[PDB]
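Colleague: Provide a 3D model corresponding to the input given below.
(chains A, B and C)
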Amino acid sequence: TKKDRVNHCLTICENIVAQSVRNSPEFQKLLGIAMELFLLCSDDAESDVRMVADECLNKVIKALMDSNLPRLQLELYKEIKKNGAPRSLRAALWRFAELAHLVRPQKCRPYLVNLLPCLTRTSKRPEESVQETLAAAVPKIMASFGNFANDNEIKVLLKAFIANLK
Amino acid sequence: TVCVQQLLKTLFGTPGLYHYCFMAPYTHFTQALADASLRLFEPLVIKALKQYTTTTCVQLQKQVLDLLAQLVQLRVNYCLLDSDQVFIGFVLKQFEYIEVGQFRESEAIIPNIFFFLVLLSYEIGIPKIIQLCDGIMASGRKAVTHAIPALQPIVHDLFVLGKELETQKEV
Amino acid sequence: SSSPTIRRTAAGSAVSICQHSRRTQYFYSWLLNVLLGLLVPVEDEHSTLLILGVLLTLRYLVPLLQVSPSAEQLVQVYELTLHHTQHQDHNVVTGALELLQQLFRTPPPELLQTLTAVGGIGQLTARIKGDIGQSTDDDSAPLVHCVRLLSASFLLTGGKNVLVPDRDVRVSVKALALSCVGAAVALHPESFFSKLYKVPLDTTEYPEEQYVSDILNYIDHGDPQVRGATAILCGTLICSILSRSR
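Modeller: Numbers count the residues shown, from 1 in each chain, chains lettered A, B, ... in the order given. There you are, the coordinates:
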């Protein structure tokens, strides 16, 4: 079913954008379930499957950065705390630094407290590919989530990375 | 909206090295001393207000405070918010994020936040407008970005343009 | 709230406290500031169930208005209703017409001198198809103005002595409009002899212009409380010419 797995991921994408109905109590349940399913298509190891279904997850986000941004960013914080595979956790981390400057400052302070437990585990990970993309997100995340933390939260985070100089 | 800001204007009518080194700069000196001895928009307008509450780029937040200072001069009746006061409640909350500092690019919006507020009061009143500006100065960031561009909309729209108006000029 | 039983029990609770609160006159001026921001400028959407909440607390408090409630606070109450005798409904048209029958019978004495006066409202600031002349104009009292307005919208057509049909305006709505024209003649008797339109209305269409005397052709109109409320419109027109000119 290696060619049967390719056709499954791509038909879920087009029937969300062509709904033209958002913020609905029917439309809220559908976007949570099949959003985690876009990354299992990338988690399966084949370059015909890994290249094809990762460009398809980007069709969903950009057509929904206007309409459903608070629904998009709630399913996505869940996967880092899942602390999954080094291929699954990686390509989700591109998506979350580019939407950091799209949050509102009304909802920002709940998003800061939840990441510092999640941003220390991916500093303790010895996978040399997982450690690379974090040096292209800690530039982008903590510049827009920078000002919202006190002097207590930021002294904990810098004692961890120096133990990654060892 | 820069495409929409303009349509509504025109749908509603609207020398030889002694001169240069000495003799030309020596005589701008002595001349300023003698003077010192002296509605198809209704579908399109409603969509632009849902964007300001939910965006974060502050190049877009600056061109939406000039689209609403033109609907009050050109007297469009205050029916953009037909029942409630949805949009004017959201401008008051943004003053909470600048004083503490929980706002990213307050510099390029604080000259245009305060032009929208004073021009509505001729129809939030000028008692309430000047209590907001006193918070930013003493309790907030430095002056040459926040506090000093905060009063360029007020002073030009209060000193240039009965007994109630006398007490507010002392403040 | 939207229930007719729950709207009239919250209105008689605000007004029974201010008779007994601590300062009976200080708490009358405070309920008039809260309610007119609920109807601050009238050209808005005002949630027409909530328009009926403000006019029922004011039928219970005008009996009690006779820092104080100011003479410029009470003239903001009065222009608020003439816009609301025109705002279409049958539950919102009947709400501002019981409020006007009672403010002429038991008027507050600050409001009562600003309407009989010749300039009137002009010193305080410093179905209808004609130039009536609003309640800001000089050279006429505002009670000369307020009888021209409640007639051509409810119970009179500006061309000829003719009844308005009961299909257009209900005969529960035509009953409260004959009792408001009678309580003002006891206050300002020169209104009943006035012309209906100030600028005359189109002599091409209509042969003759009429005065407000076709109010007194509703003795033949059908039910009680219209022939009985033009029975009472001729009672206080004779009571108040004899006491006006001695």
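Colleague: contacts, neighbours, all on C-alpha from now
Modeller: Fine.
Colleague: and the nearest residue to residue C:59 once chain neighbours are set aside, how many neighbours?
Modeller: In space, and not counting its chain neighbours, residue C:59 is closest to residue C:99: 5.6 Å by CA to CA, 6 or more residues apart in numbering or on different chains. By other CA atoms under 10 Å in any protein chain shown, the residues close to residue C:99 number 20.
Colleague: A helix includes residue C:99, no?
Modeller: No - going by DSSP: H, G, I helix; E, B strand; the rest coil, the assignment for residue C:99 is coil, not a helix.
Colleague: That one contacts residue C:55, correct?
Modeller: Yes - using CA atoms under 8 Å, residue C:99 makes contact with residue C:55 at a distance of 6.9 Å.
Colleague: can you count the residues close to residue C:222?
Modeller: Neighbours of residue C:222 under the rule other CA under 10 Å: 11.
Colleague: What helix or strand is it located in?
Modeller: Counting by DSSP states H and E, there is no helix or strand that carries residue C:222.
Colleague: Same question for the one 5 residues further on.
Modeller: When elements are defined using DSSP H and E, residue C:227 is found to belong to no helix and no strand.
Colleague: tell me the contacts of it?
Modeller: C:218, C:219, C:220, C:221 (CA atoms under 8 Å, 6 or more residues apart in numbering or on different chains).
Colleague: For chain B, which residues are neighbours of chain C?
Modeller: Neighbours of chain C within chain B, by CA under 8 Å from any CA of the partner chain: B:78, B:79, B:82, B:83.
Colleague: cutoff 6 Å now
Modeller: Within reach of chain C by CA under 6 Å from any CA of the partner chain, chain B has these residues: B:82, B:83.
Colleague: For the residue in chain B that chain A sits nearest to, give me its contacts.
Modeller: Closest residue of chain B to chain A, CA to the nearest CA: residue B:56 (5.6 Å). Residue B:56 sits next to residue A:102 when contact means CA atoms under 6 Å, 6 or more residues apart in numbering or on different chains.
Colleague: burial of the closest residue to chain B within chain A, as a residue count?
Modeller: Residue nearest to chain B within chain A: residue A:102 (5.6 Å; CA to the nearest CA). Using other CA under 10 Å, residue A:102 is surrounded by 17 other residues.
Colleague: and if you look at residue C:148?
Modeller: Residues near residue C:148, counting by other CA under 10 Å, number 25.
Colleague: Skipping adjacent residues, who's closest to it in space?
Modeller: Once flanking residues are discounted, residue C:148 sits nearest to residue C:196: 5.5 Å by CA to CA, 6+ apart.
Colleague: quick one: residue B:88 and chain C, what's the gap?
Modeller: From residue B:88 across to chain C, the span is 15 Å (CA to the nearest CA, to the nearest Å).
Colleague: Phi first, then psi, for that residue.
Modeller: phi -80, psi -20 (degrees, to the nearest 10).
Colleague: Return the residues in contact with the residue nearest to residue C:148.
Modeller: Neighbours of residue C:196 in contact, by CA under 6 Å, 6+ apart: C:148, C:211, C:212.
Colleague: Check the gap between the second one and residue C:159 for me.
Modeller: From residue C:211 over to residue C:159 the distance is 10 Å, taken as CA to CA, to the nearest Å.
Colleague: what does the first one give?
Modeller: In this view, residue C:148 and residue C:159 are 14 Å apart by CA to CA.
Colleague: how about the residues of chain C that lie near chain A?
Modeller: So chain C never meets chain A (CA under 6 Å from any CA).
Colleague: Going by proximity to chain B, name the top residue of chain C.
Modeller: Closest contact between chain C and chain B, by CA to the nearest CA, is at residue C:45 (4.7 Å).
Colleague: number of nearby residues for that residue?
Modeller: There are 13 residues near residue C:45, going by other CA under 10 Å.
Colleague: what's the answer for the one 5 residues further on, then?
Modeller: The tally of other residues near residue C:50 (other CA under 10 Å) stands at 15.
Colleague: go on, residue B:103?
Modeller: Going by other CA under 10 Å, the residues that sit close to residue B:103 add up to 20.
Colleague: From residue A:143, how far out is it?
Modeller: Residue B:103 is 12 Å from residue A:143, by CA to CA.
Colleague: quick one, phi/psi of the residue nearest to residue C:148?
Modeller: When read as degrees, to the nearest 10, the backbone of residue C:196 gives phi -70, psi -50.
Colleague: before we move on, the earlier item: what helix or strand does the residue of chain B closest to chain A sit in?
Modeller: Applying DSSP H and E, one finds residue B:56 in no helix or strand.
Colleague: Okay, it and residue C:7: tell me how far apart.
Modeller: 44 Å.
Colleague: Next: residue C:66.
Modeller: In terms of CA to CA, residue C:66 sits 25 Å off from residue C:7.
Colleague: Please say which of these two ends up with more neighbours.
Modeller: Set side by side, residue C:66 and residue C:7 show more neighbours around residue C:7, with 18 against 10, by other CA under 10 Å.
Colleague: Next, find the distance separating the residue lying closest to the residue of chain A closest to chain B once chain neighbours are set aside from residue C:161.
Modeller: In space, and not counting its chain neighbours, residue A:102 is closest to residue B:56: 5.6 Å by CA to CA, 6+ apart. To residue C:161, residue B:56 is 66 Å away according to CA to CA.
Colleague: now do residue C:206
Modeller: From residue C:206 across to residue C:161, the span is 11 Å (CA to CA).
Colleague: So the two - more neighbours on which side?
Modeller: Taking neighbours as other CA under 10 Å, residue C:206 and residue C:161 compare with residue C:161 leading, 18 against 11.
Colleague: can you tell me which residues contact the more buried one?
Modeller: The contact partners of residue C:161, taken as CA under 6 Å, 6+ apart, are residue C:214.
Colleague: give me the number of residues near residue C:160?
Modeller: 14.
Colleague: gap between it and residue C:211?
Modeller: According to CA to CA, residue C:160 and residue C:211 sit 9 Å apart.
Colleague: what does chain C put close to chain B?
Modeller: residue C:45.
Colleague: what's the answer for chain A, then?
Modeller: Counting by CA under 6 Å from any CA, chain A sits next to chain B at residue A:102.
Colleague: CA-only coordinates of the longest helix belonging to chain A in PDB, if you can.
Modeller: In chain A, assigned by DSSP state H, the helix with the most residues is helix A:69-82. Backbone C-alpha positions of helix A:69-82 (Å, rounded to 0.1, in the frame of the first residue of the first chain) are rendered in PDB as follows:
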ATOM      1  CA  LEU A  69      -5.100  30.600  13.900                       C
ATOM      2  CA  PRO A  70      -6.100  29.800  17.500                       C
ATOM      3  CA  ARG A  71      -7.400  26.400  16.300                       C
ATOM      4  CA  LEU A  72      -4.100  25.700  14.400                       C
ATOM      5  CA  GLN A  73      -1.700  26.400  17.200                       C
ATOM      6  CA  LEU A  74      -3.400  24.300  19.900                       C
ATOM      7  CA  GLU A  75      -3.000  20.900  18.100                       C
ATOM      8  CA  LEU A  76       0.700  21.700  17.400                       C
ATOM      9  CA  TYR A  77       1.900  22.400  20.900                       C
ATOM     10  CA  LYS A  78       0.600  18.900  21.800                       C
ATOM     11  CA  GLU A  79       3.100  17.000  19.600                       C
ATOM     12  CA  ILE A  80       6.300  18.500  21.200                       C
ATOM     13  CA  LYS A  81       5.100  17.400  24.700                       C
ATOM     14  CA  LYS A  82       4.500  14.000  23.000                       C
END
